[PDB]
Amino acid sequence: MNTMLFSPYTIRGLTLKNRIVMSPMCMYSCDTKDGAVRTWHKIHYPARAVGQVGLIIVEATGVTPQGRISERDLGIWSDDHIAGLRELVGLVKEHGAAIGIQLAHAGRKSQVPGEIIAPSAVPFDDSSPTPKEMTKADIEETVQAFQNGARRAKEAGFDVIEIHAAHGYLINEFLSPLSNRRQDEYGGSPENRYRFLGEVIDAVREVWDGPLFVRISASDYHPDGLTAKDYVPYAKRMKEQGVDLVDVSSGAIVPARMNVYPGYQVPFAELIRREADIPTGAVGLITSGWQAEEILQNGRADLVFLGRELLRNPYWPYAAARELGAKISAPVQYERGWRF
């Protein structure tokens, strides 16, 4: 049974052995609170690589200390992070899986003690601290921080880099009018609201020419917020800037009610894919190979991102292969076990 799910996919120079991607998920397991890779990560990620996941994307990694979501996040603001990250990379690549990292900045949604920054001094909600309005210098510092991150990620041996522009974090906050009330050239206009992201992408492409992903929130789920069609122009923009694939998520810019169901974000992925003629990754309640195969075969997305499902079963690819009657390469150690 020849399937698309387990067919190779080539981005730039990198060739993934299948279409299965481990969606970036924070583990909050940096007990040392210095952003260092810990034992938990060294067991957590390689498990999925053994599980035959084609691409494993490391959780949101703060490019600055105040850029972290929490004090237990992975970091990459120092050359000291390279060693631990390099070790992690080796542990993953070892099993035939490609490894990526999600460069992130939590913006006004950072729960790190102290000052937090954002496009405008507007709180996420009435329970969150008011962020500092970023100055011009702040913006350029942060852009430089992202570039430094990409540099270290490449240094560590990462195959793919993703820019976290979603889930209501810093970049997302520049994108949405809900959070961006600036009146300089970084706000008050679709083009202006895109500027920050545009700079981040340029800065990264300046030190990184390998696969580049950008994760977006296709919708704010708010009458005065962004919708999928607002991200078509942005996607075409990202394509022009050398972005290889758009990881299409949604929401979290502000507290909002969201109807959730199997593949509730797939239409966002197909929309961007077809309207902007750019590869996309589908994420959101993808739990079966049957479902993943339909997503791929019907051209709704090129890569399938799994979140919670890969937390429940690190070897999901095996079960999916069984479900689809496909055959994959089991680790020699598990040959007799993965066998029918």
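Residue numbers here begin at 1 and follow the sequence given.
Chemist: For the higher mean C-alpha B factor in the entry, choose 179 to 187 or 86 to 94.
Modeler: Between 179 to 187 and 86 to 94, it is 179 to 187.
Chemist: Looking at the entry, does 72 to 80 or 253 to 261 show the higher mean C-alpha B-factor?
Modeler: The deposited B-factors put 253 to 261 ahead on the C-alpha mean.
Chemist: Maximum C-alpha temperature factor per the entry, among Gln144, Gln102, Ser217, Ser120, belongs to which one?
Modeler: In the PDB entry, the greatest C-alpha B-factor among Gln144, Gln102, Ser217, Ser120 is found at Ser120.
Chemist: State the tercile, meaning the lowest, middle or highest third, of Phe305 with respect to the CA B-factors recorded for its chain.
Modeler: Lowest third of the chain for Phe305's C-alpha B-factor.
Chemist: Grab the CA temperature factor for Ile20 from the record and place it in the lowest, middle or highest third of its chain.
Modeler: Lowest third.
Chemist: Going by the entry, which third of its chain does the Cα temperature factor of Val37 land in?
Modeler: For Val37, whose C-alpha B-factor we compare with every modelled residue in the chain, the answer is the middle third.
Chemist: Could you look up the Cα B-factor of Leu55 in the entry and say which third of the chain it sits in: lowest, middle or highest?
Modeler: It belongs to the lowest third of the chain when residues are ordered by C-alpha B-factor.
Chemist: Compare the C-alpha B factor of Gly62 with those of the other modelled residues in its chain, then answer lowest, middle or highest third.
Modeler: Middle third - that is where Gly62 ends up once the chain's C-alpha B-factors are sorted.
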